[PDB]
Each structure stands twice: as C-alpha cells, then as structure tokens.
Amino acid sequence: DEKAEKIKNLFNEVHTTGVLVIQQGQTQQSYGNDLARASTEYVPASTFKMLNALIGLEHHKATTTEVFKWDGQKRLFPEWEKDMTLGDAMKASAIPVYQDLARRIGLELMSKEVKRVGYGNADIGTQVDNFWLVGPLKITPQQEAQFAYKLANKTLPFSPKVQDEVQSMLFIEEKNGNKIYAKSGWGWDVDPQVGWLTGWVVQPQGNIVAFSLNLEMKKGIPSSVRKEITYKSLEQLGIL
C-alpha cells in the first residue's frame, strides 16, 4: 500500500495525472494518481519507433549500419538535420527518419505487421507516415508494458537477431548494476498531449522488469518529468 501511495504522490507533485505500469512475469501492477489511464488508449508517438524498427529490420527495409540521409528540407529541430542511423534516430526521436522507414515499409506491409503483432488497436488508417503521431493508432500503457516485456525477453513475433538489434538501440545506461532500456514519447499534436516512457530494467542476476509511464503533458510540464518520475518510482519499488 505504501509504495503505491508514494508513487501516487510523485505524480501529484508534478501537477498532472499519470500512471506507471510495471510487468514482471505475466502479471502487471499499476501505480500513480490516475490508475484508469493504464487501460486507456493513447497515441504511441515515438514509442512506436520500437515496432517500426523491428518491422523494418525484419523485412529488409533497413539495416543497423545504413545512414538515413537528410535531404536538406527543414526539419522540426536543427539537431535532426543530419544523416543518421536507425539507432541514432531512435536516441534522437528523429521523426523524419522513421517516416522515411515507414514509407519504405509501405501501408500494406505496415498494416499487416501491426495487426499480426496485435499492437494497440492495430489501426493505422490510410496515411503511412503519421499514424503513430496523430492517430488512428492507439495503445494502452498496459499494452506498452507488455510489449516492452516481450521485447526484453525476445518473445515478440520477430527473429531474435532483430529483437537484439532493437534492444541495443534502446539502451540508456547501467545504474547500480541495472541495465536500463527505454523509449520516450510525446504526442504533442493531440489534445490533451500524452507523455510516455516505456522500457525495462535488467537487474544484476538477469531478472527483467518492464515498465510504461504514461502521463498528461500539460503546459508547463517539463519533458524531463517522464524520466524523473520513472526512475524515482522504480527506486521506491526496489527495482533500481
């Protein structure tokens, strides 16, 4: 009860509403100040890059060493206006690189694969290059944590090679002997805005603990909140 109470207050302290779903084994636990978010659908935003990369690699629409070249058209941030590998673009949440990947995959293959894997509502609509940003694709935090848990265990419906490659893209840091893997997301083109941090911890003896933080990104909420709450929560839970 006390762990849950503490984590609730972490969300209250940042003046928004959110949830953290944790998965170890086949059960999940939800924490936070709005638990109903755990089973609510939201756009994945750049959390979808995880699946986009798996599909693209598996279907030979990308390699891990190629550079996705900048064509010189203005991008949303100047940091993105350079050539990047899929891994560089993962770390940078570089939307246009992953738009290029999506277009390589194409609508038919993308739709088939998203359905095959059962990702969220598996509804990509007719626009292959923005369905993860503005809809119609939506996913719950419980689904995201499950996705992350399966990726961590290499049990998603892809080759283990491709899953290992995507895992490497997601590595953040080793902290207190724990390896942390994650992908952030911020759906800023929807209202209300959604913030994500989905990932997992590999503890020193190999135990995997997956997570998905999901909160409402209000005006004034710094994007750093996502990592801060997640880490503090995982520490309070004894995971980190």
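Each residue number is its position in the shown sequence, starting from 1.
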212-220 versus 225-233 - greater average Cα B-factor per the deposited record: 212-220
Mean temperature factor over C-alpha atoms, higher-scoring stretch between 22-30 and 180-188: 22-30
Member of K138, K74, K115, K150 with the greatest C-alpha B factor (per the PDB record): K74
Residue of maximum C-alpha B factor among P78, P160, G125, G87, per deposited coordinates: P78
CA B-factor ranking of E58, expressed as a third of its chain: lowest
For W70, the third of its chain into which the C-alpha B factor falls: highest
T47 CA temperature factor, ranked by third within the chain: lowest
Position of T198 among the chain's modelled residues by C-alpha B-factor, lowest, middle or highest third: lowest
Chain-wide C-alpha B factor ranking for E108, given as lowest, middle or highest third: middle
